[PDB]
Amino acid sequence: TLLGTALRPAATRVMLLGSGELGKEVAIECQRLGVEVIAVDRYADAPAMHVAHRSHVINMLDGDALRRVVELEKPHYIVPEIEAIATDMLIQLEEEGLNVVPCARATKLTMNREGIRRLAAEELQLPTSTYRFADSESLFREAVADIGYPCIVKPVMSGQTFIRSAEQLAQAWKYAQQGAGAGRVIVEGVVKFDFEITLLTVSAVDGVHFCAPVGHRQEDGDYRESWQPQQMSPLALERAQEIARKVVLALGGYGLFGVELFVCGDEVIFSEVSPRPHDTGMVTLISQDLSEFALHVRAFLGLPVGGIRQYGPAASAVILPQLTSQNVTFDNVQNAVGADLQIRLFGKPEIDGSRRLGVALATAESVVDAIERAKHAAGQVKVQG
């Protein structure tokens, strides 16, 4: 691995496609190595642009626009941070010699629920929720009938609905319809699990290494708290690691992957996988020597990971207000920080409804205690408009 000096002729250039809070930490980790960072997004002043050398606002769904920006900056690495990108163009560009992290194929497959689900359940023979695909409401209705109630419907490309009864069918389809994949959906049976985790799995030159499992709680479409290490039996852990390694090696390329799994006793079920840092992994900003962001950069730059140290019970709790403002302020911050407690405020330019504006991070002697400390801190922040 050879790195230049940012802003100098031989600089190593990283282009971030998606400049949200996760990309912000990836940018910081690149900056820490003197890597030049170009942050791209569809709106100005996105979080990662604040810490990048320069930025570009473009429609990332427009392949042509994507091509121009890439051609303009000549990046050594293209690091997609969100599903909403013209992956067909990423494939093309990769074909043309560009380095897409972890690989263009991984990006394509993971952005389409069918792609990844067929890979996992069919090709790799991994355990998953039952499922069916549908491209018509009629077909959708038959699928639901085949899966049974309750079941969840999701757009393969984006609108999700937890369907309890046939009364919702009409509305379910319709919402799926409004939420990129020509209206096709997947219909899944509901897995009853004790808890869900994100197994942050780094694929690098020295192989695949795992972070301790991160438990998380989802509510209304957003993760609320995450924690590490989630208590699991050794067998369950082994099973989760085997599933994670198989998926990551099948997707290919170096990077940090967020493997989402459901745990029922000693049984582990694969759900999905992010081919990049995952939001629930923000707990790693306080819980490990190497954050998931630093791991992603280490890996994609072709450097060895070696090991990941875990600093005991830790948690993250989101700061997720709901208001409309273009000039947000945060008061009472003195009651949200202290020993074993930190906060991040993302720099988002505006809000219009629910939006994650920051996160609280805490450590403690027990997982439950860390969760409470983080939650309490997040709740002390007064978000003003």
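All residue numbers are counted from 1 along the displayed sequence. Under this definition, the rigid core comprises the largest set of C-alpha atoms superposing within 1.5 Å between the forms.
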property: Core-aligned Cα RMS comparison in 6 other deposited structures of this protein - stretch that moves more, 293 to 301 or 215 to 223; result: 215 to 223
property: Positional deviation of Cα atoms in 6 other deposited structures of this protein after core superposition, greater for 194 to 202 or 165 to 173; result: 165 to 173
property: Coordinates absent for residue 281 in a third or more of other entries; result: no
property: Test item: residue 234 lacks coordinates in at least a third of other entries; result: no
property: Chain break class for residue 179 to residue 180, judged by how many deposited residues have no coordinates; result: 1 to 3
property: Chain break class for residue 310 to residue 311, judged by how many deposited residues have no coordinates; result: none
property: Which of 246 to 254 and 230 to 238 has higher mean CA B factor, as the PDB entry lists it; result: 230 to 238
property: Selected stretch [higher average CA B-factor]: 353 to 361 or 66 to 74; result: 66 to 74
property: Highest recorded Cα temperature factor - choice among 315, 290, 269, 134; result: 134
property: Options 210, 262, 173, 300 - largest CA temperature factor per the record; result: 173
property: Record-listed C-alpha B factor of residue 112: chain third; result: highest
property: CA B-factor placement of residue 284, once the chain's modelled residues are sorted into thirds; result: lowest
property: Modelled-residue ranking by C-alpha temperature factor, third containing residue 79; result: middle
property: Assigned third (lowest, middle, highest) for the C-alpha B factor of residue 167; result: highest
property: Residue 276 - which third its CA temperature factor falls in, relative to the rest of the chain; result: middle
